[PDB]
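Trainee: Got a file for you: entry-v5.pdb, PDB, C-alpha atoms.
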ATOM      1  CA  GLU A  68      56.135  80.961  24.413
ATOM      2  CA  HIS A  69      55.909  81.476  28.187
ATOM      3  CA  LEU A  70      58.747  79.127  29.206
ATOM      4  CA  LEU A  71      61.122  80.831  26.770
ATOM      5  CA  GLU A  72      60.321  84.009  28.721
ATOM      6  CA  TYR A  73      59.757  82.814  32.329
ATOM      7  CA  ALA A  74      63.053  83.177  34.220
ATOM      8  CA  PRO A  75      62.520  83.607  37.967
ATOM      9  CA  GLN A  76      65.314  84.201  40.432
ATOM     10  CA  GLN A  77      66.483  80.922  41.930
ATOM     11  CA  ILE A  78      66.394  82.109  45.528
ATOM     12  CA  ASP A  79      62.872  83.534  45.249
ATOM     13  CA  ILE A  80      61.248  80.226  44.233
ATOM     14  CA  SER A  81      63.565  78.273  46.528
ATOM     15  CA  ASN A  82      62.529  76.329  49.614
ATOM     16  CA  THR A  83      65.476  77.193  51.866
ATOM     17  CA  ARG A  84      64.092  80.747  52.059
ATOM     18  CA  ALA A  85      60.707  81.175  53.720
ATOM     19  CA  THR A  86      57.909  82.513  51.547
ATOM     20  CA  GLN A  87      57.397  86.268  51.370
ATOM     21  CA  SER A  88      53.859  85.697  52.646
ATOM     22  CA  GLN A  89      55.283  83.694  55.559
ATOM     23  CA  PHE A  90      57.814  86.420  56.380
ATOM     24  CA  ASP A  91      55.292  89.253  56.535
ATOM     25  CA  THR A  92      53.227  87.208  58.989
ATOM     26  CA  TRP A  93      56.309  86.675  61.150
ATOM     27  CA  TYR A  94      57.163  90.376  60.880
ATOM     28  CA  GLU A  95      53.722  91.628  61.926
ATOM     29  CA  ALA A  96      53.279  88.936  64.584
ATOM     30  CA  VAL A  97      56.543  89.856  66.309
ATOM     31  CA  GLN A  98      55.608  93.526  65.919
ATOM     32  CA  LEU A  99      52.344  92.932  67.771
ATOM     33  CA  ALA A 100      54.088  90.872  70.459
ATOM     34  CA  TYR A 101      56.640  93.573  71.315
ATOM     35  CA  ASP A 102      54.122  96.461  71.232
ATOM     36  CA  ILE A 103      56.582  98.435  69.096
ATOM     37  CA  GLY A 104      55.212 100.678  66.378
ATOM     38  CA  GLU A 105      56.498 100.969  62.845
ATOM     39  CA  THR A 106      59.335 103.320  61.843
ATOM     40  CA  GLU A 107      60.931 102.160  65.104
ATOM     41  CA  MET A 108      61.031  98.362  64.850
ATOM     42  CA  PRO A 109      63.718  98.412  62.084
ATOM     43  CA  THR A 110      66.002  99.387  64.955
ATOM     44  CA  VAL A 111      65.025  96.200  66.800
ATOM     45  CA  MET A 112      65.430  94.061  63.689
ATOM     46  CA  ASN A 113      68.732  95.867  63.153
ATOM     47  CA  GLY A 114      70.076  93.998  66.177
ATOM     48  CA  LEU A 115      68.107  90.771  65.878
ATOM     49  CA  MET A 116      70.218  89.432  63.027
ATOM     50  CA  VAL A 117      73.468  90.515  64.690
ATOM     51  CA  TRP A 118      72.492  88.398  67.684
ATOM     52  CA  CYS A 119      71.379  85.570  65.394
ATOM     53  CA  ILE A 120      74.729  85.679  63.592
ATOM     54  CA  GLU A 121      76.617  84.890  66.799
ATOM     55  CA  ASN A 122      74.227  82.425  68.455
ATOM     56  CA  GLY A 123      72.773  80.587  65.495
ATOM     57  CA  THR A 124      69.072  80.379  64.763
ATOM     58  CA  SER A 125      67.851  77.422  66.875
ATOM     59  CA  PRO A 126      67.763  78.680  70.472
ATOM     60  CA  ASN A 127      65.444  77.728  73.304
ATOM     61  CA  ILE A 128      61.962  79.224  73.023
ATOM     62  CA  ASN A 129      61.851  80.224  76.699
ATOM     63  CA  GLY A 130      65.132  82.124  76.312
ATOM     64  CA  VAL A 131      65.932  85.766  75.659
ATOM     65  CA  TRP A 132      68.063  87.716  73.193
ATOM     66  CA  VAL A 133      70.154  90.786  73.905
ATOM     67  CA  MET A 134      70.884  94.017  72.065
ATOM     68  CA  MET A 135      73.195  96.797  73.217
ATOM     69  CA  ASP A 136      72.707 100.521  73.681
ATOM     70  CA  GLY A 137      76.202 101.800  74.342
ATOM     71  CA  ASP A 138      77.172  99.540  77.231
ATOM     72  CA  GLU A 139      73.733  98.663  78.647
ATOM     73  CA  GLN A 140      72.126  95.405  77.561
ATOM     74  CA  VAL A 141      68.429  95.349  76.692
ATOM     75  CA  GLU A 142      66.499  92.081  76.633
ATOM     76  CA  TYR A 143      63.684  90.950  74.365
ATOM     77  CA  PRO A 144      61.721  87.726  74.917
ATOM     78  CA  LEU A 145      62.581  84.952  72.473
ATOM     79  CA  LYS A 146      59.220  83.165  72.627
ATOM     80  CA  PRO A 147      57.351  85.250  69.991
ATOM     81  CA  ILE A 148      60.202  85.084  67.471
ATOM     82  CA  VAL A 149      60.721  81.318  67.439
ATOM     83  CA  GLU A 150      57.076  80.371  67.981
ATOM     84  CA  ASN A 151      55.653  82.564  65.204
ATOM     85  CA  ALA A 152      58.346  81.609  62.663
ATOM     86  CA  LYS A 153      57.024  79.177  60.062
ATOM     87  CA  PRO A 154      58.273  76.764  58.864
ATOM     88  CA  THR A 155      61.308  77.492  61.079
ATOM     89  CA  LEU A 156      63.388  80.393  62.341
ATOM     90  CA  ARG A 157      66.361  79.611  60.099
ATOM     91  CA  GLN A 158      64.300  79.844  56.917
ATOM     92  CA  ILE A 159      62.577  82.999  58.151
ATOM     93  CA  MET A 160      65.938  84.514  59.071
ATOM     94  CA  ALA A 161      67.432  83.531  55.703
ATOM     95  CA  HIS A 162      65.868  86.686  54.243
ATOM     96  CA  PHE A 163      68.699  88.579  55.967
ATOM     97  CA  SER A 164      71.408  86.352  54.479
ATOM     98  CA  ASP A 165      72.256  88.975  51.860
ATOM     99  CA  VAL A 166      72.791  91.652  54.508
ATOM    100  CA  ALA A 167      74.626  89.450  57.014
ATOM    101  CA  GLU A 168      77.696  88.925  54.838
ATOM    102  CA  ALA A 169      77.816  92.638  54.046
ATOM    103  CA  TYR A 170      77.685  93.376  57.777
ATOM    104  CA  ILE A 171      80.255  90.742  58.773
ATOM    105  CA  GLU A 172      82.698  91.972  56.134
ATOM    106  CA  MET A 173      82.137  95.556  57.279
ATOM    107  CA  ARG A 174      83.064  94.610  60.848
ATOM    108  CA  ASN A 175      85.928  92.339  59.740
ATOM    109  CA  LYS A 176      88.051  95.058  58.117
ATOM    110  CA  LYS A 177      89.054  96.684  61.426
ATOM    111  CA  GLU A 178      89.493  93.728  63.819
ATOM    112  CA  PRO A 179      89.170  89.990  63.297
ATOM    113  CA  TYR A 180      85.525  89.169  63.861
ATOM    114  CA  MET A 181      84.374  85.583  63.421
ATOM    115  CA  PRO A 182      80.820  84.454  64.246
ATOM    116  CA  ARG A 183      80.641  81.623  66.756
ATOM    117  CA  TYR A 184      79.341  79.280  64.050
ATOM    118  CA  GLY A 185      82.930  79.185  62.801
ATOM    119  CA  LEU A 186      84.762  79.315  66.125
ATOM    120  CA  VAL A 187      83.012  76.176  67.379
ATOM    121  CA  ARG A 188      83.734  74.255  64.161
ATOM    122  CA  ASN A 189      87.365  75.474  63.955
ATOM    123  CA  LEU A 190      87.070  77.525  60.776
ATOM    124  CA  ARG A 191      90.777  78.267  60.315
ATOM    125  CA  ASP A 192      90.511  81.135  57.851
ATOM    126  CA  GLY A 193      90.130  84.897  57.978
ATOM    127  CA  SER A 194      88.703  85.894  54.605
ATOM    128  CA  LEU A 195      86.135  83.065  54.631
ATOM    129  CA  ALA A 196      84.199  84.346  57.627
ATOM    130  CA  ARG A 197      81.367  86.212  55.917
ATOM    131  CA  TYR A 198      79.922  82.832  54.865
ATOM    132  CA  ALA A 199      80.006  81.384  58.387
ATOM    133  CA  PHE A 200      76.613  81.957  59.979
ATOM    134  CA  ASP A 201      73.810  79.484  60.543
TER     135      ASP A 201
ATOM    136  CA  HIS B  42      91.531 101.162  19.466
ATOM    137  CA  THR B  43      91.090 101.630  23.198
ATOM    138  CA  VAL B  44      91.151  98.061  24.536
ATOM    139  CA  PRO B  45      87.621  96.684  25.035
ATOM    140  CA  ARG B  46      87.207  96.562  28.798
ATOM    141  CA  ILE B  47      84.766  94.115  30.333
ATOM    142  CA  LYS B  48      81.588  95.765  31.462
ATOM    143  CA  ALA B  49      81.778  95.610  35.128
ATOM    144  CA  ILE B  50      78.806  93.854  36.617
ATOM    145  CA  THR B  51      76.832  94.952  39.663
ATOM    146  CA  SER B  52      75.431  92.374  41.974
ATOM    147  CA  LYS B  53      72.113  93.605  43.091
ATOM    148  CA  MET B  54      71.761  92.758  46.754
ATOM    149  CA  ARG B  55      68.318  91.871  48.016
ATOM    150  CA  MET B  56      67.006  93.806  51.003
ATOM    151  CA  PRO B  57      64.449  91.943  53.143
ATOM    152  CA  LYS B  58      61.228  93.816  52.423
ATOM    153  CA  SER B  59      57.767  93.796  53.988
ATOM    154  CA  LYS B  60      54.759  95.154  52.065
ATOM    155  CA  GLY B  61      56.920  97.440  49.961
ATOM    156  CA  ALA B  62      58.935  98.789  52.901
ATOM    157  CA  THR B  63      62.320  97.567  54.072
ATOM    158  CA  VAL B  64      62.638  96.108  57.567
ATOM    159  CA  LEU B  65      66.200  97.357  58.162
ATOM    160  CA  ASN B  66      67.448 100.927  58.481
ATOM    161  CA  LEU B  67      71.007 100.985  57.185
ATOM    162  CA  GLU B  68      72.192 104.220  58.811
ATOM    163  CA  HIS B  69      72.059 102.290  62.100
ATOM    164  CA  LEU B  70      73.761  99.086  60.893
ATOM    165  CA  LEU B  71      76.681 101.085  59.493
ATOM    166  CA  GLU B  72      77.084 102.375  63.059
ATOM    167  CA  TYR B  73      75.996  99.436  65.280
ATOM    168  CA  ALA B  74      79.121  97.475  66.256
ATOM    169  CA  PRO B  75      78.674  95.595  69.539
ATOM    170  CA  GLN B  76      81.406  93.595  71.203
ATOM    171  CA  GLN B  77      81.197  89.953  70.180
ATOM    172  CA  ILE B  78      81.452  88.567  73.699
ATOM    173  CA  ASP B  79      78.744  90.861  75.082
ATOM    174  CA  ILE B  80      76.019  89.652  72.690
ATOM    175  CA  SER B  81      77.349  86.093  72.823
ATOM    176  CA  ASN B  82      75.557  83.095  74.297
ATOM    177  CA  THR B  83      78.540  81.373  75.923
ATOM    178  CA  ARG B  84      78.602  84.217  78.470
ATOM    179  CA  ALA B  85      75.582  84.540  80.744
ATOM    180  CA  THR B  86      73.569  87.735  80.449
ATOM    181  CA  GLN B  87      74.524  90.682  82.637
ATOM    182  CA  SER B  88      70.997  90.584  84.056
ATOM    183  CA  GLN B  89      71.462  86.880  84.832
ATOM    184  CA  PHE B  90      74.811  87.514  86.535
ATOM    185  CA  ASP B  91      73.548  90.226  88.872
ATOM    186  CA  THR B  92      70.785  87.875  90.017
ATOM    187  CA  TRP B  93      73.366  85.173  90.720
ATOM    188  CA  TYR B  94      75.567  87.712  92.510
ATOM    189  CA  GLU B  95      72.826  89.026  94.805
ATOM    190  CA  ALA B  96      71.313  85.577  95.378
ATOM    191  CA  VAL B  97      74.626  84.127  96.560
ATOM    192  CA  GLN B  98      75.166  87.280  98.625
ATOM    193  CA  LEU B  99      71.863  86.717 100.419
ATOM    194  CA  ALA B 100      72.611  83.015 100.916
ATOM    195  CA  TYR B 101      75.968  83.602 102.626
ATOM    196  CA  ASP B 102      74.736  86.501 104.810
ATOM    197  CA  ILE B 103      77.827  88.478 103.783
ATOM    198  CA  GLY B 104      77.496  92.211 103.289
ATOM    199  CA  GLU B 105      78.907  94.233 100.436
ATOM    200  CA  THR B 106      82.453  95.648 100.434
ATOM    201  CA  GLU B 107      83.388  92.274 101.940
ATOM    202  CA  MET B 108      82.047  89.697  99.479
ATOM    203  CA  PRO B 109      84.638  90.627  96.778
ATOM    204  CA  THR B 110      87.030  88.803  99.094
ATOM    205  CA  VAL B 111      84.861  85.680  98.858
ATOM    206  CA  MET B 112      84.522  85.984  95.088
ATOM    207  CA  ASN B 113      88.277  86.572  95.026
ATOM    208  CA  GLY B 114      88.716  82.920  95.984
ATOM    209  CA  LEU B 115      85.681  81.425  94.270
ATOM    210  CA  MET B 116      87.215  81.600  90.807
ATOM    211  CA  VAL B 117      90.579  80.309  92.039
ATOM    212  CA  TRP B 118      88.781  77.226  93.328
ATOM    213  CA  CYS B 119      86.751  76.998  90.117
ATOM    214  CA  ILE B 120      89.947  77.157  88.057
ATOM    215  CA  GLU B 121      91.293  73.990  89.680
ATOM    216  CA  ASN B 122      88.096  71.943  90.027
ATOM    217  CA  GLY B 123      86.147  72.949  86.953
ATOM    218  CA  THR B 124      82.668  74.419  87.060
ATOM    219  CA  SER B 125      80.352  71.369  87.218
ATOM    220  CA  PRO B 126      80.634  70.035  90.779
ATOM    221  CA  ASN B 127      78.040  68.305  92.919
ATOM    222  CA  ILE B 128      75.396  70.638  94.335
ATOM    223  CA  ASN B 129      75.558  69.078  97.809
ATOM    224  CA  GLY B 130      79.324  69.646  97.923
ATOM    225  CA  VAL B 131      81.465  72.401  99.391
ATOM    226  CA  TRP B 132      84.254  74.670  98.165
ATOM    227  CA  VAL B 133      87.328  75.756 100.081
ATOM    228  CA  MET B 134      89.286  78.984 100.400
ATOM    229  CA  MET B 135      92.440  79.517 102.440
ATOM    230  CA  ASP B 136      93.387  82.032 105.104
ATOM    231  CA  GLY B 137      97.084  81.433 105.619
ATOM    232  CA  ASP B 138      97.033  77.705 106.322
ATOM    233  CA  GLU B 139      93.476  77.269 107.648
ATOM    234  CA  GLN B 140      90.788  76.133 105.226
ATOM    235  CA  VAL B 141      87.377  77.798 105.314
ATOM    236  CA  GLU B 142      84.354  76.111 103.755
ATOM    237  CA  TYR B 143      81.392  77.611 101.931
ATOM    238  CA  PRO B 144      78.338  75.583 100.880
ATOM    239  CA  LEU B 145      78.157  74.871  97.156
ATOM    240  CA  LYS B 146      74.367  74.554  96.945
ATOM    241  CA  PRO B 147      73.511  78.281  96.528
ATOM    242  CA  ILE B 148      76.165  78.851  93.856
ATOM    243  CA  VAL B 149      75.217  76.026  91.496
ATOM    244  CA  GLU B 150      71.470  76.152  92.145
ATOM    245  CA  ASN B 151      71.073  79.904  91.587
ATOM    246  CA  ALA B 152      73.282  79.976  88.465
ATOM    247  CA  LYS B 153      71.218  80.291  85.292
ATOM    248  CA  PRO B 154      71.496  78.931  82.666
ATOM    249  CA  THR B 155      74.509  77.108  84.165
ATOM    250  CA  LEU B 156      77.494  77.731  86.411
ATOM    251  CA  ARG B 157      80.016  77.650  83.563
ATOM    252  CA  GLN B 158      78.298  80.459  81.670
ATOM    253  CA  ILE B 159      77.863  82.474  84.865
ATOM    254  CA  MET B 160      81.516  81.921  85.750
ATOM    255  CA  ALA B 161      82.632  82.867  82.228
ATOM    256  CA  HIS B 162      82.427  86.522  83.292
ATOM    257  CA  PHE B 163      85.709  85.901  85.140
ATOM    258  CA  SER B 164      87.416  84.399  82.084
ATOM    259  CA  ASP B 165      89.277  87.646  81.412
ATOM    260  CA  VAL B 166      90.705  87.724  84.937
ATOM    261  CA  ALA B 167      91.488  84.006  85.190
ATOM    262  CA  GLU B 168      94.196  84.035  82.525
ATOM    263  CA  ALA B 169      95.740  87.141  84.077
ATOM    264  CA  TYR B 170      95.781  85.367  87.442
ATOM    265  CA  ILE B 171      97.127  82.059  86.108
ATOM    266  CA  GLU B 172      99.936  83.825  84.254
ATOM    267  CA  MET B 173     100.740  85.837  87.381
ATOM    268  CA  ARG B 174     101.126  82.630  89.400
ATOM    269  CA  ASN B 175     102.950  80.811  86.580
ATOM    270  CA  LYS B 176     105.994  83.101  86.465
ATOM    271  CA  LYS B 177     107.435  81.868  89.781
ATOM    272  CA  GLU B 178     106.645  78.123  89.803
ATOM    273  CA  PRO B 179     104.946  75.889  87.260
ATOM    274  CA  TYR B 180     101.245  76.092  87.999
ATOM    275  CA  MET B 181      98.834  74.173  85.788
ATOM    276  CA  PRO B 182      95.095  73.966  86.530
ATOM    277  CA  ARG B 183      93.777  70.428  86.848
ATOM    278  CA  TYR B 184      91.770  70.866  83.641
ATOM    279  CA  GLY B 185      95.094  70.457  81.840
ATOM    280  CA  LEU B 186      96.732  67.889  84.106
ATOM    281  CA  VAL B 187      93.884  65.413  83.606
ATOM    282  CA  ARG B 188      93.926  65.839  79.814
ATOM    283  CA  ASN B 189      97.751  65.699  79.589
ATOM    284  CA  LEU B 190      98.357  69.249  78.391
ATOM    285  CA  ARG B 191     102.080  68.904  77.672
ATOM    286  CA  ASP B 192     102.998  72.578  77.506
ATOM    287  CA  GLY B 193     104.069  75.298  79.909
ATOM    288  CA  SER B 194     103.234  78.573  78.182
ATOM    289  CA  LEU B 195      99.785  77.347  77.086
ATOM    290  CA  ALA B 196      98.386  76.984  80.589
ATOM    291  CA  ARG B 197      96.528  80.276  80.972
ATOM    292  CA  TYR B 198      93.944  78.980  78.470
ATOM    293  CA  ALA B 199      93.361  75.711  80.335
ATOM    294  CA  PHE B 200      90.391  76.184  82.644
ATOM    295  CA  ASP B 201      86.843  74.947  82.226
ATOM    296  CA  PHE B 202      85.118  78.339  81.977
ATOM    297  CA  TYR B 203      87.425  79.783  79.319
ATOM    298  CA  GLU B 204      85.406  81.531  76.613
ATOM    299  CA  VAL B 205      86.666  81.209  73.036
ATOM    300  CA  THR B 206      86.510  84.788  71.782
ATOM    301  CA  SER B 207      87.642  85.883  68.323
ATOM    302  CA  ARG B 208      91.063  86.960  69.644
ATOM    303  CA  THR B 209      92.234  83.759  71.277
ATOM    304  CA  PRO B 210      95.356  82.187  69.745
ATOM    305  CA  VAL B 211      94.753  79.365  67.292
ATOM    306  CA  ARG B 212      96.847  77.027  69.440
ATOM    307  CA  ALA B 213      94.498  77.748  72.348
ATOM    308  CA  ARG B 214      91.461  76.920  70.209
ATOM    309  CA  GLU B 215      92.869  73.537  69.196
ATOM    310  CA  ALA B 216      94.098  72.980  72.763
ATOM    311  CA  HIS B 217      90.440  73.204  73.749
ATOM    312  CA  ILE B 218      89.421  71.002  70.814
ATOM    313  CA  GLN B 219      90.679  67.585  71.959
ATOM    314  CA  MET B 220      88.612  67.963  75.175
ATOM    315  CA  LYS B 221      88.578  64.529  76.871
ATOM    316  CA  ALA B 222      91.916  62.745  76.569
TER     317      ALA B 222
ATOM    318  CA  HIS C  42      68.248 105.911  68.038
ATOM    319  CA  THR C  43      67.976 104.714  71.621
ATOM    320  CA  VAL C  44      67.078 101.029  71.241
ATOM    321  CA  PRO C  45      63.310 100.461  71.537
ATOM    322  CA  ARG C  46      62.902  98.738  74.886
ATOM    323  CA  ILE C  47      59.900  96.519  75.496
ATOM    324  CA  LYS C  48      57.295  98.175  77.633
ATOM    325  CA  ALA C  49      57.459  96.325  80.803
ATOM    326  CA  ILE C  50      54.133  94.847  81.743
ATOM    327  CA  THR C  51      52.550  94.868  85.188
ATOM    328  CA  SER C  52      50.518  91.936  86.297
ATOM    329  CA  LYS C  53      47.665  93.272  88.258
ATOM    330  CA  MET C  54      47.120  90.958  91.192
ATOM    331  CA  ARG C  55      43.573  90.441  92.371
ATOM    332  CA  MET C  56      42.855  91.049  96.045
ATOM    333  CA  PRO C  57      39.901  89.084  97.464
ATOM    334  CA  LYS C  58      37.304  91.785  98.060
ATOM    335  CA  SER C  59      33.977  91.878  99.889
ATOM    336  CA  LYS C  60      31.437  94.634  99.162
ATOM    337  CA  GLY C  61      34.121  97.041  98.010
ATOM    338  CA  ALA C  62      36.446  96.376 100.957
ATOM    339  CA  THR C  63      39.382  93.988 101.028
ATOM    340  CA  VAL C  64      39.315  91.067 103.457
ATOM    341  CA  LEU C  65      43.086  91.019 104.074
ATOM    342  CA  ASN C  66      45.256  93.638 105.759
ATOM    343  CA  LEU C  67      48.689  93.431 104.172
TER     344      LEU C  67
END
Can the structure in the file be given as structure tokens, please?

Mentor:
Amino acid sequence: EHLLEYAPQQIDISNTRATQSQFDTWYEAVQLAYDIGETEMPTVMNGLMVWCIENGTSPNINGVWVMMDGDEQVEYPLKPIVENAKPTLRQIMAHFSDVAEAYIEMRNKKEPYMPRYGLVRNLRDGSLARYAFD
Amino acid sequence: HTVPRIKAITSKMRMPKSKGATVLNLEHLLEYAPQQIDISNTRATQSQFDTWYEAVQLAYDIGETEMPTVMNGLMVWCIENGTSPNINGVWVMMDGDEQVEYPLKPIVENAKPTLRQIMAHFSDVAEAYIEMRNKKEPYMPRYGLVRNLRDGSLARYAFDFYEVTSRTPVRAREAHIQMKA
Amino acid sequence: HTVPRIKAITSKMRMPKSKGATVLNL
């Protein structure tokens, strides 16, 4: 009587997506590392995935990621993000996979815009670009 | 009577949430559109290019308003001989017929993460320069001559530090693809 | 609006002191 009523979403119980308990830990841990309060970090995470779209999700820990204000680049250390992401950054970043395609398609209607995941692998198509991030 | 139209479906789309609050503000995403090559990783960071610019400036003991002349010939050399030379080497730049030599150790050593990514900042000017010097005599950089690039028009996309942006021609992208020939 | 830049940190650097007075003149 419970199985004929228990229908969970496939992606919620999946293993490719990191657990909701393991995403909150990564969210708060990165929040503590950057010394950025709430109601302001969403701006930082607003540009984290845009960077991760272009440059994949397996970068060097000692590196740095960039986000633009107008024309000036701002830099955030990459060590807290990769180090505090369990089991890995890709699975933690998969929570944004629903928004990434909506963002890529939004920026593909005015000029061609292909993430580097496709350019390196020679993805010779225009419409199939919103499914081309790591 | 009225034909029975199919009830349109609506794909709910899952926001990434954290303790009942979303982690993304959408009024900023619907307005945040950075240039692809600026946030890219193939091009070295603007903060990592200024360091390489000043460091090489200090190493050559050449003041400002004069170094642009030196950098005017650095990329021309780098077009012909790639961007991964020996550190202990030397690069050449001509005044008329006389060659002048600059040590290659400061340039390669102080280039982070690598010389190619630091030199990619000139990739927009290199094709404009190659095309300018290709309209009077055939002029193919050695990156193409070694790999047998059998074309004349597709020569301005044939240097080592060319960055594949979204707007390069498809023929250029494949022309980069074969790599070693 | 303006991107939230990371508050630069400043590594204090410990002078060798002796009875409240430094032993090095910089």

Trainee: Got a sec to pull out which chain C residues are within 9 Å of chain A, counting all atoms listed in the file, and send them as a list in words?

Mentor: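 Applying the cut-off to the listed atoms yields residues 42, 43, 44, 45, 46, 47 and 48 of chain C.
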
Trainee: Considering all atoms listed in the file, return as a ChimeraX atom specification whatever protein or nucleic-acid residues lie within 8 Å of residue 57 (chain B), sequence-local ones (same chain, fewer than 5 positions apart) excluded.

Mentor: /A:162-163 /B:63-65

Trainee: Restricting the output to C-alpha atoms, write the selected residues as a CSV table (one decimal), in the frame of the given file.

Mentor:
chain,number,residue,atom,x,y,z
A,162,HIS,CA,65.9,86.7,54.2
A,163,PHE,CA,68.7,88.6,56.0
B,63,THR,CA,62.3,97.6,54.1
B,64,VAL,CA,62.6,96.1,57.6
B,65,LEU,CA,66.2,97.4,58.2

Trainee: Using all atoms listed in the file and a cut-off of 12 Å, which residues of chain B sit close to chain C? Please list them as number ranges by chain.

Mentor: B: 66, 68-70, 72-73

Trainee: Can you list, as a list in words, every protein, DNA or RNA residue that comes within 12 Å of residue 192 (chain A) when you count only C-alpha atoms, leaving out same-chain residues fewer than 4 positions away?

Mentor: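 Contacts, in chain order: residues 179, 180, 181, 185, 186, 188, 196, 197, 198 and 199 of chain A; 207 and 211 of chain B.
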
Trainee: Using only C-alpha atoms, which residues sit within 12 Å of residue 128 (chain B) once same-chain residues fewer than 5 positions away are excluded, as a PyMOL selection string?

Mentor: chain B and resi 143-152+156

Trainee: Show me, as an NGL selection string, the residues that have an atom within 10 Å of residue 93 (chain A) when counting only C-alpha atoms, minus same-chain residues fewer than 2 positions from it.

Mentor: :A and (87-91 or 95-99 or 147-153 or 156 or 159)

Trainee: Residues of chain B near chain A: apply a cut-off of 9 Å, count only C-alpha atoms, and supply the list as a PyMOL selection string.

Mentor: chain B and resi 54-60+63-67+69-71+73-75+77+79-83+86-88+205-208+211+214-215+218

Trainee: State, in Å with one decimal place, the distance from CA of residue 51 (chain B) to CA of residue 69 (chain A).

Mentor: 27.4 Å
